[PDB]
Amino acid sequence: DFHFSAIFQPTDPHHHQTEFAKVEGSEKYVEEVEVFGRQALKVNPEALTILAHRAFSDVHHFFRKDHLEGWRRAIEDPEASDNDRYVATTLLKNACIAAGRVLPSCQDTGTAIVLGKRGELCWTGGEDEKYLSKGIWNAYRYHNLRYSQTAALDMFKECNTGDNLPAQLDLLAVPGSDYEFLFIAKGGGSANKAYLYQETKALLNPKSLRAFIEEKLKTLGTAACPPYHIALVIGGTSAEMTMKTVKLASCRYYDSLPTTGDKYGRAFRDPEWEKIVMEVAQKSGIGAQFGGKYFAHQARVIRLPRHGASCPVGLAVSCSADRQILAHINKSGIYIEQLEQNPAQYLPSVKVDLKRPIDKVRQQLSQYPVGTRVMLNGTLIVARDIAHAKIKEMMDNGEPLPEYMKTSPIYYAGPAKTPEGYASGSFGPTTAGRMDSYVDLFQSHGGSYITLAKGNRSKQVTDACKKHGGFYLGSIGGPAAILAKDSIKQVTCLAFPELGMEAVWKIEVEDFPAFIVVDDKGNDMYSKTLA
Amino acid sequence: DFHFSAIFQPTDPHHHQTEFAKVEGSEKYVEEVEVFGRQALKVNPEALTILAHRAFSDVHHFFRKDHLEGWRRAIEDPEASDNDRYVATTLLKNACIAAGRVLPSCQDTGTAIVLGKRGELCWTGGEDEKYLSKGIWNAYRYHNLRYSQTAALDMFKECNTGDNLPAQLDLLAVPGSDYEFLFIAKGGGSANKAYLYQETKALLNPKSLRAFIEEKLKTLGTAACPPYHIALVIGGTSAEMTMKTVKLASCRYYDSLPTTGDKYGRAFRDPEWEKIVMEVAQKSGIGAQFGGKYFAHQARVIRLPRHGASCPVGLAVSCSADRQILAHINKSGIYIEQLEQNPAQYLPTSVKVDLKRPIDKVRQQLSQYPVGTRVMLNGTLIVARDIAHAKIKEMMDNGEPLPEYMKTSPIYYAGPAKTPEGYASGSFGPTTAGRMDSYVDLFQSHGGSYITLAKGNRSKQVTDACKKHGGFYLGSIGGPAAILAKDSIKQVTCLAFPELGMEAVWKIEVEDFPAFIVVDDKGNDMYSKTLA
Ligand code: SF4
Ligand code: SF4
């Protein structure tokens with residue numbers, strides 16, 4: 001009466017649908033042998049270093065076809081808004097710059113994640129984590145990427161690790177003699193838009209599920225640089241299993257799952273509800289960051305088994321920096337997913353002078369409604385999470401708001417490393433919402449009247465800007481390389497150099513595009529679509 | 001300049017601090033060999049079946065010493081409330097019944113979870129998942145446990161799998177030639193109290209973190225049968241990694257981690273903030289289910305590295321059905337964590353309510369007493385939980401009346417485990433009340449569900465409903481499923497929806513069934529102060 005049924009039963013478990021290139025000469029790192037009557041594979045662990053290094057290098061300069069096609073679709077669709085087409089065009093041009101292999105597509109070169117599946121008879125010597133980490137260390141050290149990992153010395157005292165380690169290394173034991181991988185360079189912004197809900201049987205009917213989807217998609221907002229790959233997971237054997245599944249779904253790792261369930265409780269993709277998610281996304285009007293039809297590229301919906309008392313639900317996105325690479329090691333050597341090296345084939349405002357007293361800039365901005373596209377020229381002061389926290393602490397000790405918070409618009413950003421001979425490394429915005437708790441306080445103390453970042457912000461910021469005569473400008477989110485190449489002319493570290501990328505910077509920009517998102521009158525260009 | 005630093009650096013990676021027993025003769029399942037100059041271990045996969053079968057049998061009848069010590073502490077502490085002592089005593093007595101090996105400690109015998117760590121040179125033949133699942137299948141089929149897993153035939157159509165499969169099988173590739181395990185039989189109620197928050201650097205200061213902890217602990221409420229083992233994880237490399245870590249922390253799997261961080265970003269336990277979690281838990285007044293000091297057994301707090309832009313936070317509990325077992329396979333055979341077989345050594349006023357009356361007379365008697373009053377129920381309960389409620393609501397939406405059997409007796413939210421031979425009932429404790437909250441006003445407006453019996457605090461809509469309709473919510477003690485079955489439940493019959501499993505509608509006769517009046521017919525709620 002016993003019948004074993006794996007939860008996940010992909011029809012393409014080895015991802016034959018993906019194109020791979022072999023690393024030249026890599027057959028020298030492997031040797032097929034036969035032990036106690038079974039086929040095995042000896043793998044020199046140096047292969048793991050070589051592979052991780054190449055994967056976490058390549059992935060910052062190239063994209064998958066389903067990602068690129070999405071941007072082309074947003075540009076060619078008659079039903080797309082002007083803002084849809086503008087954002088999609090900008091991201092594709094950004095991808096073209098990144099394919100030059102010098103600037104990464106986003107300044108946030110992400111957390112390094114490895115899903116590895118080592119066969120029972122795949123023998124590495126066992127030091128996989130160290131050799132994988134060395135390859136990751138190599139990728140981030142010798143390329144123009146960014147060190148984004150923050151170590152906790154105690155509960156509150158932190159420092160940058162200075163090398164983008166530690167990685168997330170999930171190494172699984174599986175049948176056979178090969179070694180298979182999914183590498184993810186996961187941006188913090190989209191990592192933050194991974195949500196867990198604890199629901200019940202009361203959710204599990206068409207009317208309730210539909211309303212739930214409408215509600216939760218809005219809470220994604222524009223803060224992770226849409227168009228999104230949206231993943232939804234209904235059910236799961238535990239919260240952590242539900243969240244792992246929604247991550248992998250967003251990476252299209254589970255695309256070959258069955259599309260029907262059975263009495264043994266197997267997982268399945270649900271194309272019907274994928275279509276419903278896409279309809280909700282399109283009809284939301286949220287669009288590709290600034291209103292329109294292209295809130296989402298595509299959707300993945302996986303239904304999982306559940307304990308009778310439980311219904312975990314996971315929602316997550318892959319952002320404009322859509323970065324994953326499949327790979328495997330076998331008797332012929334090292335194979336790595338081939339990304340699109342020619343993104344160009346997918347390609348078919350008010351001037352604001354910052355070189356004035358900031359009150360003059362505020363005055364000019366006040367003349368325009370939210371939704372107005374502006375082009376910024378001049379000085380930006382750059383500060384994000386830790387600098388804001390330090391500055392609040394200083395003021396709490398009676399010290400003044402620093403002068404540099406009062407002279408210029410505040411750009412929330414952290415740069416990637418500067419290539420030799422370049423003015424700037426990749427240098428796009430980080431998410432505005434994380435700084436919301438500082439705005440009223442800083443404005444009340446005569447600073448941060450104008451901020452520049454991406455994403456919708458909370459009502460406290462709208463109220464602050466109305467009370468103090470302030471403004472929030474939304475940069476396009478994602479196009480870090482073209483911004484660095486065309487707009488950023490000079491970069492200087494101003495304060496807190498120990499914070500690395502999170503130091504305060506002073507930069508000079510030309511033709512820097514943005515939208516007026518919040519004005520000085522109580523208006524918010526997201527108030528209709530993200531209410 | 002490259003330095004490798006594992007995120008997790010336990011000082012006791014093989015859990016030498018845990019006591020293990022050897023499965024007799026099990027060295028016959030393993031053989032030491034050497035290939036290419038390296039030591040390897042051949043393991044007959046039947047060992048995985050044997051091990052999983054024993055783990056998922058044992059864990060339902062015995063507990064760890066640190067769990068039992070917590071209950072004793074709740075009894076002997078002068079600062080424990082009278083209700084703390086009463087609840088802890090009941091749970092300890094329940095444990096004594098469970099140790100007889102016939103009745104499981106909770107009716108919710110849980111999801112079967114396996115964390116396995118297979119050495120590079122540990123060779124099983126590779127069919128680990130099947131052989132582990134067969135052992136799990138054995139444990140739930142041949143013992144008086146419960147089939148709790150719900151398969152989705154399509155997005156909305158569901159059926160019970162009938163065998164408590166599928167399991168969650170997380171098999172990791174690690175160095176060496178052994179096979180190490182953590183088995184968890186995870187109740188749905190405590191699984192539901194695993195929460196992910198997406199926070200920021202603005203959280204990371206003493207004042208903000210303290211206020212945050214105060215706020216979130218209350219949202220745990222009493223719906224997962226406290227005293228809790230509370231785990232809190234600050235940071236993490238991804239949401240799923242944060243949630244995995246908070247699960248393992250709640251199982252005390254990470255107890256031997258370092259207690260300081262470093263510039264390489266290693267994980268650490270934080271004893272100071274563990275103490276603060278316990279102070280918040282104690283000062284909350286929430287108590288062991290019904291007011292007092294013993295909201296929590298103990299706390300685990302793990303600080304993790306984070307992306308500069310991110311701060312995932314995980315909060316989770318282990319409930320009164322605290323069920324995990326460590327194990328390992330090596331050249332000497334199969335070893336399994338030894339649990340406490342004699343819980344009795346840890347062991348150091350109510351209104352009688354006759355339910356065999358018209359329900360309107362019962363409502364009248366209940367109306368005489370304030371919330372917090374202890375009652376003893378005698379007579380008939382109609383049993384129905386999540387799926388039965390959904391089916392009945394569906395019927396009413398199609399114009400059918402509320403069935404008569406929903407009007408004649410109090411409604412007990414529960415799903416029983418299988419009945420042992422010669423027993424009146426298998427383990428049969430309460431289900432979380434909050435999950436049925438959306439049905440109460442509707443059912444009461446149609447003349448039924450005036451009196452409900454389950455566990456956990458409920459939402460304001462239920463308080464309002466009971467005041468509008470002259471209703472009551474009674475809180476059973478959460479957890480003591482075995483002693484309820486042995487002492488209180490006298491007869492069980494299936495009344496409706498036989499196609500459902502443990503989730504059919506049942507009619508049961510009970511005696512001396514203890515409960516508290518949690519919500520009355522006047523707008524009062526005994527949790528309104530502590531869970532506000
Ligand atoms: S594309 Fe946007 S959300 Fe994604 S990593 Fe870059 S800044 Fe963050
Ligand atoms: S002890 Fe309570 S929360 Fe835990 S499984 Fe049993 S009923 Fe659910």
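Atoms within each ligand, like the ligands themselves, are counted from 1 in listed order. Residue numbers begin at 1 in each chain, while the letters A, B, ... track the order of the sequences. Scope of the values below: all heavy atoms of this structure, side chains included, with no hydrogens, waters or symmetry mates.
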> Can you list the residues that meet the salt bridge (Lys or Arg N to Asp or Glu O under 4.0 Å) rule with A/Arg323, with sequence neighbours excluded?
Replying inline: none
>> Just to verify, what does A/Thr431 make a side chain to side chain donor-acceptor pair (under 3.5 Å) with, not counting sequence neighbours?
In response: A/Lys454
> Just checking, is any N or O donor in the side chain of A/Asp322 or A/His297 under 3.5 Å from an acceptor N or O on the other one?
Replying inline: no
>> Quick check: do B/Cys106 and B/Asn94 have side-chain heavy atoms less than 4.5 Å from each other?
In response: no
>> Show the atoms of ligand 1 that are less than 4.0 angstrom away from any heavy atom in A/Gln107.
In response: 7 (S)
> Who are the side chain to side chain donor-acceptor pair (under 3.5 Å) partners of A/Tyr472, not counting sequence neighbours?
Replying inline: none
>> Regarding B/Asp66 and B/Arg252, does a basic nitrogen lie under 4.0 Å from an acidic carboxylate oxygen?
In response: yes
>> Distances under 2.8 Å only: what protein N/O/S atoms are near atom 2 (Fe) of ligand 2, ordered by chain and residue?
In response: B/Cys225 SG
